[PDB]
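Going letter by letter, the sequence shown gives residues 13 to 350 in PDB author numbering.
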Amino acid sequence: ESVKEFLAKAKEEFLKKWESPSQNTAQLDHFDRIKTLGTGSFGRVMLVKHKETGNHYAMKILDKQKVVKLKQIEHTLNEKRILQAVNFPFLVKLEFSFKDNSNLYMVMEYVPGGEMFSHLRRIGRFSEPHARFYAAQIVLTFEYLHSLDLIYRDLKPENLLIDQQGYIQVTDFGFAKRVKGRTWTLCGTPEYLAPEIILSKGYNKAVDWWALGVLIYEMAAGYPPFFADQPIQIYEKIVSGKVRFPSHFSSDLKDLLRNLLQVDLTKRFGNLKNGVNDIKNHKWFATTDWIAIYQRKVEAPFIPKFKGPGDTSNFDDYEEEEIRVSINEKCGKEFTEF
Ligand SMILES: NC(=O)c1ccc(C(F)(F)F)cc1
Numbered sequence: 013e014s015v016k017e018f019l020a021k022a023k024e025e026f027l028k029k030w031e032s033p034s035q036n037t038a039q040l041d042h043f044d045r046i047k048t049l050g051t052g053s054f055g056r057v058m059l060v061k062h063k064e065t066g067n068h069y070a071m072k073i074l075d076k077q078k079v080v081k082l083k084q085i086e087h088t089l090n091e092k093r094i095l096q097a098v099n100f101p102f103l104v105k106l107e108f109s110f111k112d113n114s115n116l117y118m119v120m121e122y123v124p125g126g127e128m129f130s131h132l133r134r135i136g137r138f139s140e141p142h143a144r145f146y147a148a149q150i151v152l153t154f155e156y157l158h159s160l161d162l163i164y165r166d167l168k169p170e171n172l173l174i175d176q177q178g179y180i181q182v183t184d185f186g187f188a189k190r191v192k193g194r195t196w197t198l199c200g201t202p203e204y205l206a207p208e209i210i211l212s213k214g215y216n217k218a219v220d221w222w223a224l225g226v227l228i229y230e231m232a233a234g235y236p237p238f239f240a241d242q243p244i245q246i247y248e249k250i251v252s253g254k255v256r257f258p259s260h261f262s263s264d265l266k267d268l269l270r271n272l273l274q275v276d277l278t279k280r281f282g283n284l285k286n287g288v289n290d291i292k293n294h295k296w297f298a299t300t301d302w303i304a305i306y307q308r309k310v311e312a313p314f315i316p317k318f319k320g321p322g323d324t325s326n327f328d329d330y331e332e333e334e335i336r337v338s339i340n341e342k343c344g345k346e347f348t349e350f
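Printed below as a string of structure tokens:
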């Protein structure tokens with residue numbers, strides 16, 4: 013009943029914000045631009061500082077015209093509407109959003125510890141206790157998101173930031189969607205795609221649990237289970253039903269992974285009648301105190317090294333490009349609700 017009433021309140025609070033989303037809660041000239049932290053085909057993320065409060069934030073800037081060209085309108089609308097409505101210890105918080113003639117802006121908490129991707133590549137692989145600590149946070153986060161009828165659809169090490177306490181904060185809801193039943197969009201990163209996405213089926217929250225299997229494998233081995241030079245070759249391996257495990261994997265880890273990396277979605281852990289409890293009660297998680305993790309009372313495997321809230325040393329270097337705002341409004345109608 014403890015978990016039931018927690019998720020009931022979580023859904024109540026989500027739905028209230030979902031039905032009446034916040035809009036236009038800051039503007040660009042409230043901030044100073046510090047550094048570009050990441051950059052993609054239709055957007056980038058910049059470290060900014062609020063000029064009145066002095067607080068740092070990570071500002072995600074999406075070019076409206078590129079979003080339209082790359083067919084991400086609904087996706088960017090999803091991202092902001094979901095982010096302004098959710099609330100969970102392991103999700104990066106949205107602080108402000110707004111738009112102008114050219115761009116959409118999402119101003120979120122800055123997490124100076126960097127991406128799990130960087131730390132995993134630096135150290136090679138995480139021990140199983142270390143992987144398990146991160147994995148438990150993803151399990152709780154998906155339990156929360158799925159109870160809200162949300163699918164995340166972009167789990168990968170680059171999207172998991174490590175905060176000042178060594179805990180996970182999930183960033184980038186660009187593919188997140190509220191889904192009752194099934195959904196159909198081809199999206200994600202090739203290494204993490206579930207078989208039913210590759211095969212163009214109507215799919216559901218089970219694709220997140222598949223991706224957790226990929227993530228756990230990659231954290232514990234140092235490389236993902238399905239690897240190749242071309243995506244087509246990655247896809248052949250994903251749909252094949254075959255996965256090889258390093259000998260150093262524990263038997264418990266291999267057993268959990270076989271049940272998360274189950275190509276038949278109707279037999280995949282997290283998509284059975286017991287839902288998330290098949291994962292939470294698995295022997296590989298026997299040492300996990302789920303409440304202590306939620307409450308952030310467990311000592312973390314490591315604390316990122318950084319000097320303060322404005323330190324960018326854990327992120328990498330990108331060409332610094334203008335934030336140009338056109339004199340004329342672009343795509344006003346498409347992004348009315350933003
Ligand atoms: N919320 C953050 O602190 C954050 C930092 C960096 C990125 C990156 F995508 F650019 F890497 C995204 C988000």
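The beta carbon of each residue, even a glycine, is placed where N, CA and C say it ideally should be.
C-alpha gap between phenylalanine 350 and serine 34, whole angstroms: Take the alpha-carbon of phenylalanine 350 and the one of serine 34: they are about 9 Å apart.
From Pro321, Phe261, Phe26, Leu82, residue whose alpha carbon lies closest to that of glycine 52: If we check each option's Cα against that of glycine 52, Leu82 comes out closest.
With 16 other Cβ atoms within 10 Å as the buried cut-off, status of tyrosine 306: Label assigned to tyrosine 306: buried.
Residue nearest to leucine 157 in terms of C-alpha spacing, selected from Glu127, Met71, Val191, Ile246: Nearest option by C-alpha distance: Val191.
Distance between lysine 317 and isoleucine 339 (C-alpha atoms, nearest Å): For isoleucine 339 and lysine 317, the distance between alpha carbons rounds to 42 Å.
Contact test: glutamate 127 Cβ vs ligand 3 heavy atom, cutoff 8 Å: Ligands in the displayed structure: ligand 1; ligand 3 is not one of them.
Nearest residue (CA-CA) to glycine 200, options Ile228, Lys21, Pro169, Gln176: Of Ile228, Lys21, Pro169, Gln176, the smallest CA-CA separation from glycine 200 is found for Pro169.
Neighbourhood of ligand 1 [Cβ distance below 5 Å to any heavy atom], ordered by chain position: With the cut-off at 5 Å, the residues found are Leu49, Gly50, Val57, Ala70, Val104, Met120, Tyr122, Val123, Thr183.
Closest residue to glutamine 84 among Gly186, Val288, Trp302, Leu273 (Cα-Cα distance): Comparing Cα positions, the closest option is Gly186.
Per-residue burial, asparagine 293 [other beta carbons within 10 Å of its own, 16 or more giving buried]: Flag for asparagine 293 reads exposed.
Which of helix, strand or coil DSSP assigns to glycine 225: Three-state result, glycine 225: helix.
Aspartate 241 - DSSP class collapsed to helix/strand/coil: In the structure shown, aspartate 241 sits in coil (DSSP, three-state: anything other than H, G, I, E or B).
Own chain residues within Cβ distance below 8 Å of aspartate 75, not counting five before or after: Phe54, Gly55, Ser114, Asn115, listed in sequence order.
Rounded separation between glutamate 121 and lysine 61 - CA only: When rounded, the distance between both Cα atoms is 11 Å.
Cut-off 7 Å between Cβ atoms - residues of its own chain near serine 325, not counting five sequence neighbours on either side: Answer for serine 325: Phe318, listed in chain order.
C-alpha gap between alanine 22 and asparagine 286, whole angstroms: Looking at the two C-alpha atoms, the distance is approximately 20 Å.
Beta-carbon gap between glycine 214 and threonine 183 smaller than 9 Å: No.
contact_flag[the region 276 to 285, the region 211 to 225] where n(CB pairs < 8 Å) is 3 or more: The region 276 to 285 is in contact with the region 211 to 225.
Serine 262, DSSP secondary structure in three states: It is coil, neither helix nor strand.
Complete runs of the alpha helix (DSSP H) confined to the region 186 to 212 [at least 4 residues]: If you keep only unbroken alpha helix (DSSP H) runs of at least 4 residues inside the region 186 to 212, you get 207 to 210.
Beta-bridge pairing of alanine 148 - partner residues as DSSP gives them: Its beta-bridge partners do not exist; DSSP assigns none.
Where the alpha helix (DSSP H) through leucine 172 begins and ends: First-last for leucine 172: 172 to 174, but that is the beta strand (DSSP E), not the alpha helix (DSSP H).
Terminal residues of the beta strand (DSSP E) in which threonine 299 lies: Counting along the chain, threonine 299 falls outside any beta strand (DSSP E), and DSSP gives it neither H nor E.
Local Cβ density within 10 Å of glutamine 177, reported as buried at 16 or more and exposed below that: Exposed is the call here.
Range of the contiguous beta strand (DSSP E) that encloses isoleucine 46: Note, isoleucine 46: beta strand (DSSP E), 43 to 51.
Three CB pairs or more closer than 8 Å across the region 134 to 148 and the region 96 to 112: The answer is no - the region 96 to 112 does not touch the region 134 to 148, with fewer than three Cβ pairs under 8 Å.
Inter-residue spacing [alpha-carbon to alpha-carbon] between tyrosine 235 and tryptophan 296: Computed Cα separation, rounded: 20 Å.
Selection from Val98, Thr348, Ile135, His68 that minimises the alpha carbon distance to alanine 232: Closest option to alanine 232, Cα to Cα, is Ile135.
Three-state class that DSSP yields for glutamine 307 in the structure shown: Coil.
Beta-carbon proximity list for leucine 49, same chain, < 6 Å, skipping 5 on both sides: Contacts found: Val57, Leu59, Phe327.
Alpha-carbon spacing of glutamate 346 relative to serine 32, whole angstroms: Between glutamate 346 and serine 32, the C-alpha separation is close to 19 Å.
Reduced DSSP secondary structure (H/G/I, E/B, other) of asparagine 115: DSSP places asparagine 115 in strand when its eight states are reduced to three.
Closest Cα partner of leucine 268 within the set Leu19, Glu86, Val288: Closest in alpha carbon position to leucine 268, among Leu19, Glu86, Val288, is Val288.
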